[PDB]
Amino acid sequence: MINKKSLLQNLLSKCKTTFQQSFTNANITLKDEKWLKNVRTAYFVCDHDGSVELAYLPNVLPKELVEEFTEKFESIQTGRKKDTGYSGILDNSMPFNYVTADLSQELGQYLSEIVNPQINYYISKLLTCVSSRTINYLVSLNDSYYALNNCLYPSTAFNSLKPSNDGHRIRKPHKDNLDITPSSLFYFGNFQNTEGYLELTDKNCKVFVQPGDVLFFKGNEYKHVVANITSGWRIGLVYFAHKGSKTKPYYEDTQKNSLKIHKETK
């Protein structure tokens, strides 16, 4: 119900001035139409209403930032058993929001205190361009969430993918169904141009992501999976918000403690 050529011109205009980069060979498709099979460049997916359900902007992060974060991420993850980590709040399995167990650890500290305040700026950049509805929602959240995660997004996921790990949750095709808003994704580490791509299975679209790129898309609606890497290290951050952020209460404590607090108020 709208012109895609003009909408792309609008999005490109905002993104060019905001990120101060020229995005060549940018493309736009409606969600109903046939998506590009291979996206190495700027790409946008919209509905009939005009809202952006996917945005991919190549290399918006300064190389100095990607390299420093990578080195620290790899340093911390070495001393970690699990291949995933989380900062901010999680409502998973509980009818309340709770502080992640990792926030007290080295990973959670580095994300919240150092990484997130810097990344929060590029998130602000991204949202003011592609989605107004998202940032309008994120600023309505409890102040405690913003203070906790030091970011507009109340929750941050840390995905460490080493070569030939098929057991990682991002290696299995899925949807994140708790998400009330499209997530913002940042990538780090080093891996090849032909591997570690995010594939949307139902739309048959392969987005090839490299360190420094940003990806903004709905995780609940579109089933997606991360491809295997034969070399390098694939590290990425997922900034999201669940439904429980608005709906469920907050006791300002970790999971087990909050459960005790939750019951005693009932």
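Numbers follow the displayed sequence, beginning with 1.
Asker: Looking at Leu90, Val130, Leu107, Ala157, which has the highest CA B-factor as recorded?
Answerer: The C-alpha B-factor peaks, among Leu90, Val130, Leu107, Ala157, at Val130.
Asker: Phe216's Cα B-factor: lowest, middle or highest third of the chain?
Answerer: CA B-factor rank for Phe216: lowest third.
Asker: Taking only the Cα B-factors deposited for this chain, tell me whether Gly236 sits in the lowest, middle or highest third.
Answerer: As the PDB entry reports it, the C-alpha B-factor of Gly236 lands in the lowest third of its chain.
Asker: Compare the C-alpha B factor of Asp49 with those of the other modelled residues in its chain, then answer lowest, middle or highest third.
Answerer: Top third by C-alpha B-factor.
Asker: Ranking the modelled residues of this chain by C-alpha B-factor as given in the entry, is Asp32 in the lowest, middle or highest third?
Answerer: Highest third.
Asker: Should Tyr146 be placed in the lowest, middle or highest third of its chain by the C-alpha B factor in the entry?
Answerer: It falls in the middle third of the chain.
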